[PDB]
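Novice: Sharing a structure below in structure tokens format, with a few things to ask.
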Amino acid sequence: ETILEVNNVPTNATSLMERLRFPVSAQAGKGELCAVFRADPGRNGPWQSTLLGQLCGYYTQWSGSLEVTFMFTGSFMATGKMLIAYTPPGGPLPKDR
Amino acid sequence: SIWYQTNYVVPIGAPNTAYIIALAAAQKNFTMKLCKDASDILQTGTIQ
Amino acid sequence: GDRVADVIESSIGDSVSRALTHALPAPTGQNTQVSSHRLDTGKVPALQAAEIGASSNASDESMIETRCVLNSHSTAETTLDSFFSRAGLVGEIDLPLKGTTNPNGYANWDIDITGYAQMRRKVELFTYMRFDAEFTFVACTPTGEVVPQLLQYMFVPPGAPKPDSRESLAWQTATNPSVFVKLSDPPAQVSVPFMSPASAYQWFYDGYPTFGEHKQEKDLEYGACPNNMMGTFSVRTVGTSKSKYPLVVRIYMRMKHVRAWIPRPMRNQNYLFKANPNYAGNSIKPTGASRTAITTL
Amino acid sequence: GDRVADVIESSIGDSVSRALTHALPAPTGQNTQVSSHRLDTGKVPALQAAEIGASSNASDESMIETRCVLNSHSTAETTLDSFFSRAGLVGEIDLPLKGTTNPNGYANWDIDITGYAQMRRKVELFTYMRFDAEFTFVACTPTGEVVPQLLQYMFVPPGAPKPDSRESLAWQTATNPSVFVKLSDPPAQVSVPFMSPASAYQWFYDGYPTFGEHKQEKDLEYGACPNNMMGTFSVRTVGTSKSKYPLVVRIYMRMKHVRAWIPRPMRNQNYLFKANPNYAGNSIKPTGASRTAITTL
Amino acid sequence: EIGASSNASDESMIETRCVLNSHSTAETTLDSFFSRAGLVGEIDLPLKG
Amino acid sequence: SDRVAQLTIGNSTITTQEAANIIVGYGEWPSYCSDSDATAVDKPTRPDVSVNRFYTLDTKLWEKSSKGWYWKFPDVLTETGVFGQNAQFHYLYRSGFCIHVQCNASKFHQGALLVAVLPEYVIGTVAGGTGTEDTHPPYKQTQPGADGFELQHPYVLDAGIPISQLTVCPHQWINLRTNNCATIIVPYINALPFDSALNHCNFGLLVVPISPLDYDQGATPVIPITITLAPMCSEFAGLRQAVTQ
Amino acid sequence: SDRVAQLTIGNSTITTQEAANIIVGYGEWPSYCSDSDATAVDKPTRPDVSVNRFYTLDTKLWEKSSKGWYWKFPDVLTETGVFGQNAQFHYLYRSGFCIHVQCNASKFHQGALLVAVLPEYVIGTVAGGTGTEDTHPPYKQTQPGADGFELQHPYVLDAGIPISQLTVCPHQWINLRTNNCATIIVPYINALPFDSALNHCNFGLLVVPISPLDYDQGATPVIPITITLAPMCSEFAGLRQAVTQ
Ligand SMILES: CCO/N=C/c1ccc(OCC[C@@H](C)CCN2CCN(c3ccncc3)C2=O)cc1
Ligand SMILES: CCO/N=C/c1ccc(OCC[C@@H](C)CCN2CCN(c3ccncc3)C2=O)cc1
Ligand SMILES: [Cl-]
Ligand SMILES: [Cl-]
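Chains as they are written, first to last, in PDB author numbering: chain R, 50 to 146; chain F, 195 to 242; chain A, 1 to 297; chain U, 1 to 297; chain L, 51 to 99; chain G, 10 to 254; chain B, 10 to 254.
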């Protein structure tokens, strides 16, 4: 496993390390959206920061299941439940949860 | 896509914002085929 | 566990595709057996019922008195490999000097063999085809002349950087396969495996490649299936200065180790485009020659 | 046949309802075993975790030093049959002379035992109940007097003609069961089987009996389930002229051969209607007695 | 934090069917990856330069 | 080892690191209807994975003044996913359920929710206040759909019965200082082998705060309660056109 | 004993007293995808009876001037019954089909329809008439839905190929003096184990009059052709929300 840049938005040199992680914080309980990204490993985007995506770049075709492990780095007193979903082909970006 | 199932709850004295780090890799049924050059070529002029 | 009867006695799940027919060996044509006059009531070979959808099973022996004929005529020349493993033109690349198309010394050829009628009509007899192939590259000037020029051919699979110039960094070819050869040398020749992500290429794909509303703008993608798009073939004169001579590369393909499924009616109208079966509507011609009357030759 | 692995190893279809617990015999209350002082670390019976949803498993022996007690107290009187097989009032039918309700000599009683609190509260402890029953009919004048009158009781199942008068042709009772008895005779008494189309009657049906839009008008049918509607009980004085005396028939029911499923919280607000659990909103009372403070008796 | 990759597999995260995977892993060996000739040097021998 | 758990069914997986075991209603697991109990003759359809999976239907906010809510099964899923479609196209339906109510807070919040399952949960009205009006609850109240419905008078569960005795039904508690979820497996409960998923709600799910939520100014005040559930051993029969009610 | 038949599958039964045997495309019966050919890992859903049944989708009128029509599979069912729902909720789909085209007349009518199945039936345009315009057929024409679409130029099957050679495909004829229906069983045909029921039409059904309908003034002039079909061994995988295209 290598770090996936889900937060690939900032681009100025001083803020590059920020791409390495996304935030979560107290919401208003409406099952709000936290983040989204394509699962395509050999496509431009987040996966480009991973060794998998890079090596994948040397092969025309690939086949297999992928996995993403999310690590929470908040304080020990913080708690929470998240819903992470993978939407197979054909499904548009989910409107709501 | 990631959604808040419930909510990020914290007591008095703890930060209202924390971060998540995502690590990814392939499962053991993963394989690749047909070697090709990568789309990037990290060089603009000649390398001295 | 399973306890309810309908589940135990279920067929849900058998992967065994039960087949009604099997192949028998047939190196030669069938022999003819002696036959005599039959004047029977009840037996009637001549009468058929084409509505069923099967071809007539009536044979020579039952329609006329035949002699015995030991037929040793071979059926070898009609196998798929015999029919297809003959190299034919499938692409041409031009590398002119002061022209319009490629005055830069290089050229990118989209790997698609549907630009030539002969070869195309043959493969389109089947819907799905799986095979390896031998490609031969013949190069010379437009007059069929041979000159001392060094060329580089490179296979650029989907996702690899397409050369944008005669000096593009992509020609470093560190991973893609490239071939360096002189026009003086004999035609370059290589073997190519079955590269599709599918179990077979298909000359016809009645569908769209992606989801969404299929509005007018995107109607060009109807019938386009990525499993058939193997990549780009790039060629360039090997130098930093323009070549002194104009060139032409003819690409020949010879299929080998062929398998095909689902026969189709054979094309009977002139071809117009690579990507589709479009035909000239104001010019629909019959499949063959015509005559003045049904009662005269 | 089944060949694909997921189908072979499937559980789709097992009708065997695997149970976590089974019943053991218990004719008497549990005995108490001798116990001594335990001063252990690790073992801790007193501590529980009610969140789990199970009752405390702590026993007398582990909470205090106990003596041995051979308990032979019977548990027989708390079986469903012991609890329910006691006849109670479930219906009253009035047959007055010059009144408003039934001045015609007959009466139709919709077979519903939910008109009396005592009996009702008992059966409503369970959701589903299956049983046979013994019905007893006590008749007399309004003063509890006995007179020489002949009566006819008839069970009219759903679909049979309900008598519309003391002289209705329906009293021919050629197929329905009828009982003829005098007020002087002892109370008529018969056995009734479990007649529902369902495996059990149910005192609660959270649903509607039919499809369609469930607009305001039809909201009276919410909770009404035909499987609980066994029919009509009709009674009449047996004659072509008005009876000389006013009558009252009290109907008593005694369940027997009882089975029940799914216990429920017991009713704690006065009953208002037969068909529903409606309660008086401006009069919600606590379940029991109250006191001035939590620290005083 | 331990420093090892996740050991969670398809079978334990969702109900899966049986799949006999015969996809080869031969093309990703070091020799397959590297034994492809590429440009590593250029030497110029000009006249009047 | 009892506080940690994983529920996987279909293409869905749930995790919890603060559970309090699992309750199996009336002590028995869901199971398909046997050939002895069955009565309808047509061969049923058992979609399996496409319908027996975790559906996360609704989220409510717990407040210092919340009264409690209820949802009805199978009413909650009748318009959701492949399960809903089957419920609509078929006259007959039967299934069990795995219910997982979620609610986490902090080690500084307090409060306790009673999560229970009540078969044949018939609703009553306050009868005009005086008890002289024979009112009846409207469709929107008896079958509230996925949004559930808030209880008017919790003490009597809006049906003239004491909530104090609701524990006689399969249940668990979500005591914030102990666990952040309740899990209850429920088998098909009815006096018939199959029934209409539309006209009949086999049971109701009740989530009621018995010990009010509380915390100090400054702690996250938004405490959601999310309802996730999965049908089990779903069976359908009596196919025809789709009907919503 | 070959002119009489009964097809029963699901809760549907078809009868015919003037059949002409049954064709089993390319000589093989539909079958579920084996664990060797399969590639996707999720456990599929096989609804069975709720989707593998006879759906009667459309009726056309045969006229002395009709040209012929075509329908596409599985396009025809994508919006019908439980089958349609599964096709929409799942990314992957595969199935076979039993097709039964019906058309009866009288012993005084005459005419012959060719009923065939053509895998990967790609449609072409007349290219502006002169062949200089690179036009493409619109969505409504490539995937006509249940209504089918009328052929513009039958002789070339609107795709530059001779209909005279269409008999090289699984087919039957409906010759009014002989039979009043055609029945063709078709196995899943594709170069992949499963595929999208939405973006890809595995094959097309063609019903074309080769010998024109005819009769005398006074005989019933309304001669319908009805299309009934049933999926076989339907399998679906890759569940998600419902998508229509
Ligand atoms: C060192 C460079 O040498 N490489 C030579 C080379 C030659 C051919 C190469 O790939 C040839 C692939 C063709 C056999 C595929 C032809 N097909 C597959 C099906 N298809 C197609 C076209 C249009 N519509 C549907 C299908 C095609 O055109 C790759 C490299
Ligand atoms: C010769 C005539 O003698 N017949 C006497 C008789 C007596 C009783 C008869 O049927 C008694 C059926 C009751 C035991 C059913 C009571 N139940 C079943 C469940 N139920 C109910 C009522 C309201 N809401 C839900 C359920 C009822 O009221 C029939 C005939
Ligand atoms: Cl949905
Ligand atoms: Cl429909």
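Backbone N, C-alpha and C define an ideal beta-carbon position, used for all residues, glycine too.
List in chain order the residues whose CB is within less than 6 angstroms of at least one heavy atom of ligand 2.
Specialist: Residues flagged by the Cβ proximity filter: U:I111, U:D112, U:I113, U:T114, U:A133, U:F135, U:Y153, U:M154, U:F155, U:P177, U:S178, U:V179, U:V190, U:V192, U:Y201, U:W203, U:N228, U:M230, U:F233.
Novice: Between which two residues does the beta strand (DSSP E) holding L228 of chain F run?
Specialist: Here residue 228 of chain F is taken as the residue at index 34 of the second sequence, counted from 1. Counting along the chain, the beta strand (DSSP E) containing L228 of chain F begins and ends at 225-229.
Novice: Taking the alpha helix (DSSP H) that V90 of chain L belongs to, which residues open and close that run?
Specialist: The residue given as residue 90 of chain L occupies position 40 in the fifth sequence. That residue, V90 of chain L, is in no alpha helix (DSSP H); it is neither H nor E in DSSP.
Novice: Can you find the residues in the same chain that come closer than 6 angstroms, C-beta to C-beta, to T54 of chain G, ignoring five residues on each side of it along the sequence?
Specialist: Sequence index remark: in the sixth sequence, residue 54 of chain G carries index 45 (1-based). Excluding sequence neighbours, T54 of chain G sits near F245.
Novice: Under 7 angstroms, do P137 of chain R and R249 of chain B count as touching if we go by C-beta distance?
Specialist: For the purposes of this step, residue 137 of chain R is taken as residue 88 along the first sequence, with counting starting at 1. For the purposes of this step, residue 249 of chain B is taken as residue 240 along the seventh sequence, with counting starting at 1. Yes, these two residues count as a Cβ contact at 7 angstroms.
Novice: Say the cut is 6 angstroms; is the CB of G138 of chain G nearer than that to a heavy atom of ligand 4?
Specialist: Here residue 138 of chain G refers to the residue found at position 129 of the sixth sequence. It does not: the Cβ of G138 of chain G is nowhere closer than 6 angstroms to a heavy atom of ligand 4.
Novice: Mind pulling the chain G residues with CB within less than 8 angstroms of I52 of chain L?
Specialist: Position 2 of the fifth sequence, counted from the start, is the residue given in the question as residue 52 of chain L. Within 8 angstroms Cβ-Cβ: nothing; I52 of chain L doesn't reach chain G, min ~17 angstroms.
Novice: Measure from the alpha carbon of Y106 of chain U to the alpha carbon of each residue in U:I251, U:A58, U:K162, then state which is nearest.
Specialist: Stepping through the fourth sequence from its first residue, residue 106 of chain U is reached at position 106. Cα-wise, what sits closest to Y106 of chain U is U:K162.
Novice: Residues in its own chain within less than 8 angstroms of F126 of chain U by CB, not counting five upstream and five downstream?
Specialist: As a working mapping, residue 126 of chain U is identified with position 126 in the fourth sequence. The residues are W203, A260, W261, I262, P263, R264.
Novice: Under a Cβ-count criterion, where at least 16 other Cβ atoms within 10 Å of its own Cβ denotes burial, should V258 of chain A be classed as buried or exposed?
Specialist: What you label residue 258 of chain A is simply residue 258 of the third sequence in a count that begins at 1. By the 10 Å Cβ count, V258 of chain A comes out buried.
Novice: Specify whether the stretch 230-245 of chain B and the stretch 233-247 of chain A touch according to this definition: at least 3 beta carbon pairs, one from each stretch, less than 8 angstroms apart.
Specialist: The stretch 230-245 of chain B is not in contact with the stretch 233-247 of chain A.
Novice: Looking at C-alpha atoms only, which residue of G:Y64, G:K73, G:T192, G:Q161 is the closest neighbour of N282 of chain U?
Specialist: By one-based count along the fourth sequence, residue 282 of chain U stands at place 282. Minimum Cα distance to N282 of chain U is reached at G:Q161.
Novice: Please confirm whether any heavy atom of ligand 3 lies closer than 6 angstroms to the CB of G227 of chain B.
Specialist: Stepping through the seventh sequence from its first residue, residue 227 of chain B is reached at position 218. No, Cβ of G227 of chain B sits at least 6 angstroms from all heavy atoms of ligand 3.
Novice: Using a threshold of 7 angstroms, state whether the C-beta atoms of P128 of chain B and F212 of chain B are closer than that.
Specialist: For the purposes of this step, residue 128 of chain B is taken as the residue at position 119 of the seventh sequence. For the purposes of this step, residue 212 of chain B is taken as the residue at position 203 of the seventh sequence. Yes, these two residues count as a Cβ contact at 7 angstroms.
Novice: Going by the CB atoms, is the gap between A58 of chain U and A49 of chain U shorter than 7 angstroms?
Specialist: Along the fourth sequence, read from residue 1 onward, the residue named residue 49 of chain U stands at position 49. Along the fourth sequence, read from residue 1 onward, the residue named residue 58 of chain U stands at position 58. For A49 of chain U and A58 of chain U, no; Cβs fall outside 7 angstroms.
Novice: Is it the case that the Cβ atoms of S184 of chain U and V146 of chain U are separated by a distance below 7 angstroms?
Specialist: Counting from one through the fourth sequence, the residue named residue 184 of chain U turns up at place 184. Counting from one through the fourth sequence, the residue named residue 146 of chain U turns up at place 146. Against a cut-off of 7 angstroms, the Cβ pair of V146 of chain U and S184 of chain U comes out as a contact.
Novice: List the residues of chain F that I232 of chain G touches, going by C-beta distances under 9 angstroms, in chain order.
Specialist: Counted from its first residue, the sixth sequence places residue 232 of chain G at position 223. Residues of chain F passing the Cβ test: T200, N201, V203.
Novice: Report the rounded CA-to-CA distance for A54 of chain L versus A218 of chain F, giving the unit in angstroms.
Specialist: On the fifth sequence, position 4 is the one that residue 54 of chain L refers to. On the second sequence, position 24 is the one that residue 218 of chain F refers to. Distance between the alpha carbons of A54 of chain L and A218 of chain F is about 12 angstroms.
Novice: Please determine if the stretch 62-82 of chain A and the stretch 244-252 of chain A are in contact, where contact requires at least 3 C-beta pairs separated by less than 8 angstroms.
Specialist: Too few Cβ pairs lie closer than 8 angstroms, so no.
Novice: So with Cβ pairs under 7 angstroms, would you call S40 of chain B a contact of chain L?
Specialist: Here residue 40 of chain B refers to the residue found at position 31 when the seventh sequence is read from its first residue. Chain L, which has no Cβ nearer than 7 angstroms to the Cβ of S40 of chain B, makes this no.
Novice: Please indicate yes or no: does the CB of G90 of chain B lie closer than 6 angstroms to some heavy atom of ligand 6?
Specialist: You won't find ligand 6 in this model; what it holds is ligand 1, ligand 2, ligand 3 and ligand 4.
Novice: What residues from the stretch 83-96 of chain L come within 9 angstroms of chain U, judged by C-beta to C-beta, listed N to C?
Specialist: Under the 9 angstroms Cβ criterion, the stretch 83-96 of chain L contributes no residue.
Novice: For a cutoff of 7 angstroms on Cβ pairs, would you count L228 of chain F as touching chain A?
Specialist: On the second sequence, residue 228 of chain F is found 34 positions in, with the first residue counted as 1. Closer than 7 angstroms to some Cβ of chain A, the Cβ of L228 of chain F qualifies, so yes.
Novice: Could you check whether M253 of chain A and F131 of chain A sit closer than 7 angstroms to each other, using their CB atoms as the reference points?
Specialist: As a first step, residue 131 of chain A must be located in the third sequence, where it is residue number 131. As a first step, residue 253 of chain A must be located in the third sequence, where it is residue number 253. No, Cβ-Cβ distance for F131 of chain A and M253 of chain A is not below 7 angstroms.
Novice: Do the stretch 186-194 of chain U and the stretch 180-199 of chain G meet, that is, are 3 or more Cβ pairs less than 8 angstroms apart?
Specialist: No, the stretch 186-194 of chain U does not touch the stretch 180-199 of chain G.
Novice: What residue range does the beta strand (DSSP E) around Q152 of chain U cover?
Specialist: Position 152 of the fourth sequence, counted from the first residue, corresponds to residue 152 of chain U. It spans 150-156 - the beta strand (DSSP E) in which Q152 of chain U sits, taken as one unbroken run.
Novice: Below 7 angstroms on C-beta distance, what does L214 of chain G contact in chain R?
Specialist: Residue numbering aside, residue 214 of chain G sits at position 205 when the sixth sequence is read from its first letter. Simply none; closest approach about 19 angstroms.
Novice: Span of the alpha helix (DSSP H) holding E61 of chain L?
Specialist: In the fifth sequence, counting from the first residue as 1, residue 61 of chain L sits at position 11. Looking at the DSSP string, the run of the alpha helix (DSSP H) that includes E61 of chain L is 60-63.
Novice: Would you say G247 of chain B reaches chain R, if we count a Cβ-Cβ gap shorter than 7 angstroms as a contact?
Specialist: Locating residue 247 of chain B in the seventh sequence gives position 238, where the first residue counts as 1. Yes, contact with chain R.
Novice: Any C-beta of chain G sitting closer than 7 angstroms to the C-beta of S184 of chain U?
Specialist: Sequence index remark: in the fourth sequence, residue 184 of chain U carries index 184 (1-based). For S184 of chain U, the answer is no, since every Cβ of chain G falls outside 7 angstroms of its Cβ.
Novice: Would you mind telling me which residues of chain F sit closer than 8 angstroms to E61 of chain L, beta carbon to beta carbon, in chain order?
Specialist: Numbered from 1 along the fifth sequence, position 11 holds the residue referred to as residue 61 of chain L. Under the 8 angstroms cutoff, chain F gives no residues; its nearest Cβ is about 10 angstroms from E61 of chain L.
Novice: What would DSSP say about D51 of chain G, mapped onto helix, strand or coil?
Specialist: Here the question's residue 51 of chain G lines up with position 42 in the sixth sequence. In this structure, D51 of chain G counts as coil in the three-state DSSP scheme.
Novice: DSSP on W203 of chain A, reduced to helix/strand/coil?
Specialist: For the purposes of this step, residue 203 of chain A is taken as residue 203 along the third sequence, with counting starting at 1. The answer is coil: DSSP assigns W203 of chain A none of H, G, I, E or B.
Novice: Cβ of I214 of chain F within 7 angstroms of Cβ of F121 of chain R?
Specialist: The residue you call residue 214 of chain F lines up with position 20 of the second sequence. The residue you call residue 121 of chain R lines up with position 72 of the first sequence. Yes. Within cutoff.
Novice: What does a CB cutoff of less than 8 angstroms around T32 of chain A pick up in its chain, not counting 5 residues either side in sequence?
Specialist: Here residue 32 of chain A refers to the residue found at position 32 of the third sequence. For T32 of chain A, where only same-chain residues beyond five positions count, the Cβ hits under 8 angstroms are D60, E61, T66, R67, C68, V69, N71.
Novice: Give the C-beta separation of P179 of chain G and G34 of chain G to the nearest angstrom, bearing in mind that I take them to be a contact with Cβ-Cβ under 8 angstroms.
Specialist: Counting from one through the sixth sequence, the residue named residue 179 of chain G turns up at place 170. Counting from one through the sixth sequence, the residue named residue 34 of chain G turns up at place 25. Indeed, because the Cβ distance is near 4 angstroms, the residues count as touching under 8 angstroms.
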